[PDB]
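One chain comes next, on its own, written as structure tokens: the form deposited in one PDB entry.
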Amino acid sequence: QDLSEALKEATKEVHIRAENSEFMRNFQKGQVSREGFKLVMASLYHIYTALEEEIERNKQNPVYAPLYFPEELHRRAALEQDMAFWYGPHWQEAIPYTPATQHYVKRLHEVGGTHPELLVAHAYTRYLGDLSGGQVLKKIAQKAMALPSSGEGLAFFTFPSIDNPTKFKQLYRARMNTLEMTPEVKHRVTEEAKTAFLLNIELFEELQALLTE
């Protein structure tokens, strides 16, 4: 069974759970506040920062390299733009770094530094979601918060170097499927993708609590 399939199958249950966190339920109904949107976007800033640091560290390592698509996919620069938009020119000292965000970053570093053959799980879990359901989430955010079609404040959701997310996502899958795979690696990769999903659920749980306090 192809890795791209193994991953989709292994994470379909947890994805349903992630969509139904209180925060994402509220987000999907169009109930997202500037305050809640800023918190999640600032948390993604840190998460993608760490993910992309580890991607760069491992760019030439054959357990990751077929997935090295910085120009098309990387989000740090977009998130920086969004932080300037939502937090102002001194955003770097204004943005929060929550404990659940710290926890996700810590695991990212563990993987990139000690278990790089698992880094595909983490890239799959964030980027493939961004290219599919993230585009739906984009449209809800825009409508909720009166964000302009010109894209300010939603740079994260915009892929100016990908013409067509569906076709790119098929390419990314195809390339995933060229990674050297043994039963060992495959089984652990799909386990780590479940953990990546859980780290996201735990973030959403935390942000909801911070918003309700």
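Residue indices: 1-based, along the sequence shown. C-alpha atoms forming the largest set that superposes within 1.5 Å between two forms make up the rigid core.
S.K.: Can you tell me whether 145-153 has a higher mean C-alpha B factor than 45-53 in this record, or the other way round?
M.R.: According to the PDB entry, the answer is 145-153.
S.K.: Comparing 89-97 with 111-119, which stretch shows the greater average C-alpha B-factor in the deposited entry?
M.R.: So the stretch with the higher mean C-alpha B-factor is 89-97.
S.K.: Please rank the C-alpha B-factors of the chain's modelled residues and tell me whether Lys186 sits in the lowest, middle or highest third.
M.R.: For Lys186, the deposited C-alpha B-factor lands in the highest third.
S.K.: Using the temperature factors of the C-alpha atoms in this entry, rank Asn20 within its chain: lowest, middle or highest third.
M.R.: It belongs to the highest third of the chain when residues are ordered by C-alpha B-factor.
S.K.: For the chain shown, is the CA B-factor of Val40 in the lowest, middle or highest third of its modelled residues?
M.R.: For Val40, the deposited C-alpha B-factor lands in the lowest third.
S.K.: Using the B-factor values recorded in the entry, state whether the Cα atom of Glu205 falls in the lowest, middle or highest third among the modelled residues of its chain.
M.R.: Its C-alpha B-factor belongs to the middle third of this chain's values.
S.K.: Relative to the other modelled residues in the chain, which third contains the C-alpha temperature factor of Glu13: lowest, middle or highest?
M.R.: Middle third of the chain for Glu13's C-alpha B-factor.
If you look for the form deposited in another entry, you will not find it shown, but the lines that follow are about it.
S.K.: Tell which of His103, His115, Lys139, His109, after superposing on the rigid core, has its C-alpha displaced by 2 Å or more between the shown form and the other one, please.
M.R.: One residue passes the 2 Å cut-off, namely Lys139.
S.K.: On a rigid core superposition, would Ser149 pass a 2 Å threshold for CA movement between the shown form and the other one?
M.R.: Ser149: C-alpha displaced by 2 Å or more between the shown form and the other one.
S.K.: Rigid core superposed, CA of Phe27 - does it shift 2 Å or more between the shown form and the other one?
M.R.: Shift of 2 Å or more: yes.
S.K.: Distance change of 3 Å or more between the C-alpha atoms of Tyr127 and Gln28 in that other deposited form: closer or farther compared with this structure?
M.R.: Relative to the shown form, the pair is closer.
S.K.: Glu191 and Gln135: do their C-alpha atoms lie closer or farther in that other deposited form than in the form you see, with a change of 3 Å or more?
M.R.: The answer is farther, because the C-alphas of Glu191 and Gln135 separate from each other in that other deposited form by 3 Å or more.
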